[PDB]
Ligand code: CLA
Ligand code: CLA
Ligand code: CLA
Ligand SMILES: CC1=C(C/C=C(\C)CCC[C@H](C)CCC[C@H](C)CCCC(C)C)C(=O)c2ccccc2C1=O
Ligand code: SF4
Ligand code: SF4
Ligand code: SF4
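Residue numbers (the authors' numbering), protein chains in the order written: chain c, 2 to 81; chain l, 2 to 172; chain a, 6 to 744; chain d, 4 to 133; chain i, 1 to 34; chain f, 25 to 184; chain j, 1 to 41.
Here it is as structure tokens:
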């Protein structure tokens, strides 16, 4: 399964979570930004690696980073 | 009327009930074939399949081989027969290795029920799972299937060679 | 306040000319990177994203059609002007069989005057392969003054079409209901446009082209031929050549149409003097076509209680296997310009290819069959246009599926049912493509390896394992027996290609029976295989344009997008555009093979010279039958052999063909930089170049960005097509002009 | 006509699940609709909702989530996606805590959070032979 | 057995038998389990 | 002489080339009639060929064994009109172009909308700058001295 | 003629005019003094 990391540059704009096609990211409470929220990656087993999450990231060099790793039938997007 | 409907009333299968997949002709024709004919041991299925396959396999090798003859030649017939037999040997090798790497069962249609009843808390894929309930889906069943395919292929190739010689000589 | 048009919808102003990208909501803000410049031209004619109203899109399309027709009229006016002023048409008229048509002279600069060839008739210029001289002769044009007046009329018509486009966008723009009168539009295009054009052309042929060309074939010089208007004012100048005009129009109105058999014939074959179709046959053909199309125009109900409704016709064509049938197709084709473009472009390209075939098969112009460069150029050009138009039709079908397809409006109709089993279609088409390619090409490779191994009796040749195209030979036999048996009123077969005598004009073969052997079997199956693979790519693009097992929401990404990401193992080129890109490549392959087959087969087994005793000697000598069955044969006896004229053209009047040969090779190889590479590399190289510019304080404000992935693919395919087609263009033209 | 009365009125497509969603895992999405709206299947073509309980089975979580995202356009929000293993092993997936992942809910802990930006990542040479 | 019979003895042997046994072994090895 | 070459005025193969070209042109001229424009054009071609060959002969041009003028670009002023003088001319023209482009970029770079003035050129300012490039060698060695030609550390750099 | 002159000031029109003028004076230099292999001086 791929690896997804969140960095404290998160501004809690939720654009990553609402762009994930496989429900990998979610918004959790935080105290490091104005919005009081930070993205989390608790379901990386469903991560497919499409990187839509970091295409919607407005922070300078990203706050969500997807590191491709071992492959799985879920991560390979295999309907068969 | 509509002649295409979801297969077995399941609209989510990747299949359809067309006048070809589920027609009475298709049903009977596939049920008379050796692979699906009822009352056949795996050895018998293999033997019939091998006979038919060697019988029609000697044809192209003898007719279009490297040693053809517009007249009848014993050398051409021998070349075609040997090529067909070696191709059957290659196919039997493929069958043997496929069965070796595919199944780990010696008696099917039971192990599935045993693990659906007496629990299967093991390494799985041998107790649980098990795709298919046919006797062809076992280590023993596939071994006898390959043996029958190989023997029947030899016999059918020889029979077809004899028939070809008779047709070319007496006609 | 008319019910069909809106008056003064858009003000005629130059203000928006000074605001580039005003049409697009995204481009209107102004450029920030160089991507804006490329996006400006890529969205110029995408009127769907510029307005949200079908009416505005329709009006823009209508005015764009007017602009295109004005451009076409300007091009035709230029052609006629060049024929009038910079051509040897008058000299070619007096010696069609010994003077090469030329209509473009080259200025004497930088030594380029060598391009002015010895075309004959005391003229120097570039030999013309568009066949305008033969067309003008068939029109009865015997003077360059008539060409000048046709050019002036073309200029006037081009201005008229420009004014019409301006008028119908800015002064009186038609409403949506006017555009959606498909019944009225079909009635008019079938009766008025097609039928009345055929009728008017039949009238022109009968009254101008029939007498003038008959006098020309009789040997009368163009100077003593009467002016065309005199054939109308004087019923005695035409009644001598065709002694049936003496009865006037009375036989027509008295149903005694047999009297007009003098100039309305049904002969078939070719004119023995000119080698083209009998112009009496052509006039009769156009008359029959006019009547048929006028009749066909009275079919659809427009404004009276009479005719058909296309909605009622389509909705009644259901079936057990097709569910709702054609229900909803009328709404699809009356609310989506892209669907209409798909159908029209596909059928238009197919029509162009059919035209290309029927052109050389039955030469319709005087002294055009013996002008081999003209025949080769016309066939190749029309087949190329047909292939491009077919790929465009597939592209716009995919665009309709992505954009204008409504799932709710197409419940259980034909479109829905096709998408529901797209897998089966694509898988079986894949199997057919593999079968056809394996067979055709592997038979070619088997022939090649048997020849390389010294086993000549193991080939798929005529003197070996033979694959006779018996079905095509049966059809050829049926056509050569048609006159008197199935076409009892015919005097000769439609084309001598099906069989018959060798038709020669001035010792040059015009047409001759095209024998079909095992060599034609293999190349025909190659054609079928290439066509099937192109259809596979385009149909996979159209059917999987909305969704797939990979990307279930591919329609939300649009018609034109590079990918969905490196995930799923990699989702490159999943668009539908990336399928029109690959299909363009495969169309190039297929059309190149088709034109190669045509060129070699014609040069080897049709074209040539006929000895006075009747011995036929061809351009190459019949090497197609035995040497076109191996890839080495195609490489050596066709490519290497017939490329001799291109490579040895330096210093001669054909040197421009060698230069274009080299330049097209250069462009084709240039394409591979865009086709093989990716953006990350070019963007990161532009980074260092921008660093240098910033170091020298010369970095542009418009930030330079590497071409987008889709634009990189588009540039690659455009350069590939240009280079390959130009290489074949120069090769064909130099070879067929030299010999 | 159909196995269950709550299935959407779909005519079946050769784009549904395969042998994989019989021995590895299958996904089911359930929702309640006020109207028998016509919607597009993530696999094939157009299906008709039921004016009530609707249940659909798919081979991938992404297919169920694409269907759910389409449902939001119909003002349908109560859709829930489950994962079914080879036997009836049902696990609720998408509304994991009853609140959509885009809305912050108490009781969620950050997973995969690094207390630094990208520039704070360790050098790969120090993450070797070790 | 002359030295000129060695090509006809070895070339079929190597170029056909060795592929067969090598394919058998490699397929068996890469299709193993744990 | 230089590199084993010989002057083209004494190169027999050069005169053979001239004679062959003239003979081909005259043979082409034979197939036309009277004072017709084709004959006039071919005669002009012959005259231009003769003039070009004569000028190349009397041009301090060295010809090889193929009878074609070879360029001596080692730097000697004897053959200075072959490379050195055209080199100076191009350097002047290209420096002019680069200088006017850089001056326009730096001038409209201090306005409200620098990017707008790059697709829509300020033709008055463009004409003002372009005709001022004749002093580009002097302007360059008056801006380099003042440090206005080179940036120092406001230029951007990648991560490593 | 205020926006037309601004349209003529756009990059494509100006580049086309400048390149047409440039090719023009190059071609005319090569017409009046053709076959110039070296510097005239
Ligand atoms: C008998 C009547 C008639 C005729 C001859 C035509 C002819 C044509 N129509 Mg047309 N049309 C008609 C009725 C007619 N239409 C009606 C009733 C409708 C309403 C449903 C339309 C709606 C329509 C649309 C929406 C479009 C056309 C287009 C075209 C052109 C197709 C391009 C082509 O084949 O090039 C052949 C070209 C020629 C033969 C050149 C000569 C043609 C000239 C211009 C005569 C045109 C006849 C015109 C209708 C007379 C009106 C004059 C005006 C003062 C009232 C062609 C010129 C397409 C086009 O290109 O747009 C411009 C297009 O997009 N038509
Ligand atoms: C009747 C013909 C016709 C019409 C009306 C259209 C119309 C359209 N097409 Mg289309 N198309 C056609 C034929 C046609 N096409 C054909 C034959 C093909 C197959 C190649 C395609 C392939 C195609 C694709 C793949 C796409 C379109 C798109 C579009 C839309 C936007 C076009 C645009 O802005 O381009 C503006 C014009 C240009 C960018 C011009 C580019 C210059 C070309 C590529 C090079 C031409 C070189 C030329 C031959 C000279 C070379 C000589 C050399 C020596 C210099 C528009 C609705 C696009 C879209 O989004 O649709 C919604 C899109 O993605 N079309
Ligand atoms: C080193 C590699 C190698 C070698 C030595 C051979 C050898 C041979 N090939 Mg071959 N081939 C190879 C690679 C090789 N191939 C590859 C890579 C390809 C694909 C590109 C091909 C494709 C190919 C084709 C398409 C054909 C051959 C054929 C042949 C035979 C030559 C024709 C002849 O006179 O025999 C005549 C042959 C016989 C009289 C009978 C030979 C039958 C087998 C080979 C005998 C093996 C005996 C074996 C020990 C039996 C085991 C016991 C069994 C009874 C249980 C010969 C046996 C031809 C042939 O004979 O087809 C069968 C033929 O048509 N080859
Ligand atoms: C070179 C290259 C670039 C860089 C190319 C750029 C930036 C294009 C630059 C075009 C210049 C600026 C304008 C065109 C200049 C030509 C001389 C004009 C064309 C010639 C005319 C005769 C038409 C990409 O962006 C790219 C993207 C994706 C895949 C491959 C590639 C790729 O290979
Ligand atoms: S890849 Fe990016 S987008 Fe796709 S799931 Fe993993 S995180 Fe969400
Ligand atoms: S993407 Fe970066 S910014 Fe947008 S939400 Fe996820 S973390 Fe916060
Ligand atoms: S960039 Fe090229 S490779 Fe990476 S995803 Fe987009 S297309 Fe596939």
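Even for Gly, the Cβ is constructed at its ideal location relative to N, Cα and C.
Which runs of the alpha helix (DSSP H) spanning at least 4 residues fall entirely within the region 496 to 574 of chain a, listed in chain order?
523 to 548
What do you get for residue 104 of chain d, buried or exposed, if any count of 16 or more other CB atoms within 10 angstroms of its CB means buried?
For the purposes of this step, residue 104 of chain d is identified with residue 101 of the fourth chain, where counting begins at 1. So residue 104 of chain d ends up on the buried side.
Using beta-carbon positions only, say whether residue 596 of chain a and residue 392 of chain a come within less than 8 angstroms of one another.
Within the third chain, the letter at position 591 stands for residue 596 of chain a. Within the third chain, the letter at position 387 stands for residue 392 of chain a. Yes, they are a contact pair.
Would you verify that the beta carbon of residue 26 of chain i is, or is not, closer than 8 angstroms to some beta carbon of chain l?
Against the fifth chain, residue 26 of chain i aligns to sequence position 26. No, residue 26 of chain i lies away from the interface with chain l (no Cβ there is under 8 angstroms from its Cβ).
I'd like to confirm something about residue 101 of chain a: is its beta-carbon nearer than 7 angstroms to some heavy atom of ligand 3, or not?
Sequence index remark: in the third chain, residue 101 of chain a carries index 96 (1-based). It does not: the Cβ of residue 101 of chain a is nowhere closer than 7 angstroms to a heavy atom of ligand 3.
Taking Cβ to Cβ, would you say residue 378 of chain a is nearer than 8 angstroms to residue 40 of chain a?
Taking the first residue of the third chain as position 1, residue 378 of chain a is located at position 373. Taking the first residue of the third chain as position 1, residue 40 of chain a is located at position 35. No, they are not a contact pair.
Could you tell me whether the Cβ of residue 325 of chain a comes closer than 8 angstroms to any Cβ of chain l?
The residue labelled residue 325 of chain a in the question sits at position 320 within the third chain. Yes, residue 325 of chain a lies at the interface with chain l (some Cβ there is under 8 angstroms from its Cβ).
Determine which residues of the region 553 to 573 of chain a have a Cβ less than 7 angstroms from any Cβ of chain c, and write them out in chain order.
554, 555, 569, 570, 571, 572 and 573
So is the beta-carbon of residue 671 of chain a under 7 angstroms away from any non-hydrogen atom of ligand 1?
As a first step, residue 671 of chain a is located in the third chain; it is residue number 666 there, counting from the start. No.
Using a cut-off of 7 angstroms between C-beta atoms, extract the partners of residue 430 of chain a located in chain d.
On the third chain, position 425 is the one that residue 430 of chain a refers to. Ordered by position in chain d, no residue passes the 7 angstroms Cβ test against residue 430 of chain a, which lies about 10 angstroms from the chain.
Can you pull the chain d neighbours of residue 549 of chain a, defined as C-beta to C-beta under 7 angstroms?
Counted from its first residue, the third chain places residue 549 of chain a at position 544. Near residue 549 of chain a there are no residues of chain d at all, since even the closest Cβ is about 10 angstroms away, more than 7 angstroms.
Can you pull the chain a residues whose beta carbon is under 9 angstroms from the beta carbon of residue 4 of chain j, in chain order?
Within the seventh chain, numbered from 1, the residue matching residue 4 of chain j stands at position 4. Under the 9 angstroms cutoff, chain a gives 19, 22 and 23.
Distance, Cα to Cα, residue 598 of chain a vs residue 513 of chain a?
Position 593 of the third chain, counting from 1, holds the residue named residue 598 of chain a. Position 508 of the third chain, counting from 1, holds the residue named residue 513 of chain a. Whole-angstrom Cα-Cα distance: 27 angstroms.
The alpha helix (DSSP H) that contains residue 242 of chain a, what's its start and end?
Along the third chain, read from residue 1 onward, the residue named residue 242 of chain a stands at position 237. Note, residue 242 of chain a: premise wrong, no alpha helix (DSSP H); not H, not E.
Please confirm if residue 29 of chain j has its CB atom under 8 angstroms from at least one CB of chain a.
Working through the seventh chain from its first residue, we reach residue 29 of chain j at position 29. Not an interface residue.
Output, in sequence order along the chain, the residues in the region 7 to 21 of chain d whose CB is closer than 7 angstroms to any CB in chain l.
10, 13, 14, 15, 17, 18, 19, 20 and 21
Chain j contacts from the region 109 to 121 of chain a (Cβ-Cβ distance under 8 angstroms)
114 and 115
Where residue 68 of chain d meets chain l, residues with beta-carbon distance less than 9 angstroms
Translated into the one-based positions of the fourth chain, residue 68 of chain d becomes position 65. Correct list: empty, because the minimum Cβ distance to chain l is about 17 angstroms.
Specify, as a first and last residue, the run of the alpha helix (DSSP H) that residue 85 of chain l falls within.
Position 84 of the second chain holds residue 85 of chain l. Run containing residue 85 of chain l: 75 to 103, per the alpha helix (DSSP H) assignment.
Under 7 angstroms by beta carbon: chain j residues contacting residue 138 of chain f:
Position 114 of the sixth chain, counted from the first residue, corresponds to residue 138 of chain f. In chain order: nothing, as chain j lies at least about 14 angstroms away.
Is residue 416 of chain a close to chain d, meaning its C-beta is less than 8 angstroms from at least one C-beta of that chain?
If you number the third chain from 1, residue 416 of chain a lands on position 411. Judged by the 8 angstroms Cβ criterion, residue 416 of chain a is in contact with chain d.
Check: residue 567 of chain a C-beta below 7 angstroms from any heavy atom of ligand 7
Reading the third chain from its first residue, position 562 is the one you call residue 567 of chain a. Yes, since a heavy atom of ligand 7 falls inside the 7 angstroms radius drawn around the Cβ of residue 567 of chain a.
My output table needs one value for residue 172 of chain l: the three-state DSSP class, helix, strand or coil.
Against the second chain, residue 172 of chain l aligns to sequence position 171. Note: residue 172 of chain l maps to coil in three-state DSSP.
Expressed to the nearest angstrom, what Euclidean distance is found between the alpha-carbon atoms of residue 48 of chain l and residue 93 of chain l?
The count along the second chain starts at 1 and reaches residue 48 of chain l at position 47. The count along the second chain starts at 1 and reaches residue 93 of chain l at position 92. Computed Cα separation, rounded: 12 angstroms.
Inside the region 94 to 151 of chain f only - alpha helix (DSSP H) runs reaching at least 4 residues:
108 to 132 and 140 to 143
Length-filtered (3 minimum) beta strand (DSSP E) runs lying within the region 613 to 652 of chain a
613 to 615 and 621 to 623
Cβ of residue 20 of chain d within 8 angstroms of Cβ of residue 85 of chain d?
As a position in the fourth chain, residue 20 of chain d is number 17, starting the count at 1. As a position in the fourth chain, residue 85 of chain d is number 82, starting the count at 1. Cβ distance not < 8 angstroms, so residue 20 of chain d and residue 85 of chain d don't count as in contact.
As assigned by DSSP and simplified to three states, the class of residue 17 of chain l
Residue 17 of chain l sits at position 16 when you count from the first residue of the second chain. Reduced to three states, the DSSP call for residue 17 of chain l is strand.
Checking contacts by CB at 8 angstroms: is residue 412 of chain a closer than that to chain d?
The residue labelled residue 412 of chain a in the question sits at position 407 within the third chain. At least one chain d Cβ lies under 8 angstroms of residue 412 of chain a.
Any idea if residue 103 of chain a is buried or exposed, counting beta-carbon neighbours within 10 angstroms, 16 or more meaning buried?
Within the third chain, the letter at position 98 stands for residue 103 of chain a. By the 10 Å Cβ count, residue 103 of chain a comes out exposed.
Neighbourhood of residue 565 of chain a by C-beta, 7 angstroms cutoff - its chain only, sequence neighbours within 5 removed
In the third chain, counting from the first residue as 1, residue 565 of chain a sits at position 560. Closer than 7 angstroms at Cβ, skipping near neighbours: 580, 582 and 715.
Which residues bound the alpha helix (DSSP H) around residue 598 of chain a?
Within the third chain, the letter at position 593 stands for residue 598 of chain a. 583 to 610 is the extent of the alpha helix (DSSP H) around residue 598 of chain a.
Whole-number beta carbon distance between residue 49 of chain d and residue 413 of chain a, since they are thought to touch under 8 angstroms
As a position in the third chain, residue 413 of chain a is number 408, starting the count at 1. As a position in the fourth chain, residue 49 of chain d is number 46, starting the count at 1. Contact flag correct, Cβ pair sits at about 7 angstroms.
Neighbour-count burial assignment, residue 606 of chain a, 16 or more Cβ in a 10 Å radius:
Numbered from its first residue, the third chain carries residue 606 of chain a at position 601. Result: buried.
Starting from the N-terminal side, write out each stretch of the alpha helix (DSSP H) that is 4 residues or longer and does not extend beyond the region 713 to 737 of chain a.
none
Kindly list the residues whose CB is nearer than 7 angstroms to the CB of residue 407 of chain a, restricted to its own chain and excluding five residues on each side of it in sequence; keep chain order.
Reading the third chain from its first residue, position 402 is the one you call residue 407 of chain a. If we look at residue 407 of chain a and ignore the five residues flanking it on each side, its Cβ neighbours are 550, 551, 560, 563, 564 and 581.
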